[PDB]
Amino acid sequence: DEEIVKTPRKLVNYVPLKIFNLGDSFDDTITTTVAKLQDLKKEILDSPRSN
Amino acid sequence: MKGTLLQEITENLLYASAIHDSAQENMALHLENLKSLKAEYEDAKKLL
């Protein structure tokens, strides 16, 4: 193990952090714009096309 | 015909008729282009 004993630690030493928990990779904002465009194009499909 | 002011009437009439004929031909061409655009945008709608 490390050194001879357990490493010293602060009496609180919380440090929550954990902003991201796995996942990451694909961004959410780009696909959010994608989903907005999806509902927009569905609304367009509701509007008449051709004829 | 000029003194009785009938020549200007015929001149205007023939000019308007020529404009009408040319516009009708261009209208047929526009119909063809509009149907072509209809087909292209229908293909785009299939892609959609």
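Residues numbered from 1 in each chain as written, not as in the entry; some residues may be left out. Chains lettered and ligands numbered in written order. Part of a larger assembly, values for the part shown. Heavy atoms only, no water.

Determination of this PDB entry was carried out by cryo-EM to a resolution of 5.6 Å, according to the record.

Novice: Describe the overall build of chain A, and please don't skip the residues or the numbers.
Specialist: Secondary structure summary: chain A contains one helix and zero strands in total. For a compact globule of 51 residues, the expected C-alpha radius of gyration is about 10 Å, and chain A comes in at 25 Å, more than 25% above that figure. Principal axes of the C-alpha set define a box for chain A whose edges measure 85 × 20 × 10 Å. Considering chain A as a whole, with its 51 residues, one finds that 0% of them fall into the buried category. (Helix = DSSP H or I, 4+ residues; strand = E, 2+ residues; numbered from the N terminus. Rg over C-alpha atoms; globule rule 2.2 N^0.38 Å. Buried < 20%, exposed > 50% of the residue type's maximum accessible area, 1.4 Å probe, protein only.)

Novice: Could you give me a rundown of the overall build of chain B, with the residues and numbers involved?
Specialist: When its secondary structure is counted, chain B shows one helix and zero strands. Expressed along its principal axes, the backbone C-alpha trace of chain B runs to roughly 65 × 10 × 5 Å. Buried residues in chain B amount to 0% of all 48 residues. As displayed, chain B has an accessible area near 4400 Å², and 66% of this comes from carbon and sulfur atoms. (Areas by Shrake-Rupley, 256 points an atom, 1.4 Å probe, with all protein chains shown as cover.)

Novice: Describe in detail the pattern of salt bridges, supporting the description with residues and values.
Specialist: All names here are of chain A. By the definition in use, this model includes four salt bridges over all chains. As a salt-bridge pair, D39 and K36 come within 3.7 Å of each other at their nearest N and O atoms. Within this pair, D39 and its partner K36 are both found in helix 1 (residues 28–46), separated by three residues, close to a single helical turn. Residue classification places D39 among the partly exposed residues on the basis of a relative accessible area of 30%. On the basis of relative accessibility, which here comes to 44%, the residue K36 falls in the partly exposed class. One salt bridge connects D46 with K42, and the closest N-O pair in it is separated by 2.6 Å. Note that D46 and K42 are positioned in helix 1 at a spacing of four residues, about one turn of the helix. (Salt bridge = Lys/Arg side-chain N within 4 Å of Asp/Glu carboxyl O.)

Novice: I'd like to hear about a nonpolar patch on the surface, residue by residue, with values.
Specialist: Residues and elements named next belong to chain A. On the surface, a cluster of nonpolar side chains totalling about 490 Å² of accessible area is made up of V15, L17, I19 and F20. You can see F20 is positioned in the segment before helix 1. Since its relative accessible area comes to 57%, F20 is described here as exposed. (Patch = residues over 30% accessible without salt bridge, like charges linked within 9 Å, V, L, I, M, F, W, Y side chains within 5 Å.)

Novice: Go over unusual backbone geometry, please, and point to the residues and values.
Specialist: Residues apart from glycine generally show negative phi values, whereas peptide bonds are mostly found in trans. Residues and elements named next belong to chain A. The backbone of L17 sits at a positive phi, close to 55°, despite the residue not being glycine. In this fold, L17 is placed in the segment before helix 1. Since its relative accessible area comes to 61%, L17 is described here as exposed.

Novice: Explain the environment of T10(B) residue by residue, including any values.
Specialist: Residues and elements named next belong to chain B. Relative to the helices and strands, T10 is located in helix 1 (residues 7–47). Look at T10 and you get partly exposed, because its relative accessible area is 44%. In sequence terms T10 and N26 are 16 residues apart; their C-alpha atoms lie 24 Å from each other. Of the polar contacts made by the side chain of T10, one reaches the backbone oxygen of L6; its length is 3.0 Å. (Polar contact = N/O pair within 3.5 Å; in protein donor to acceptor, adjacent residues only side chain to side chain.)

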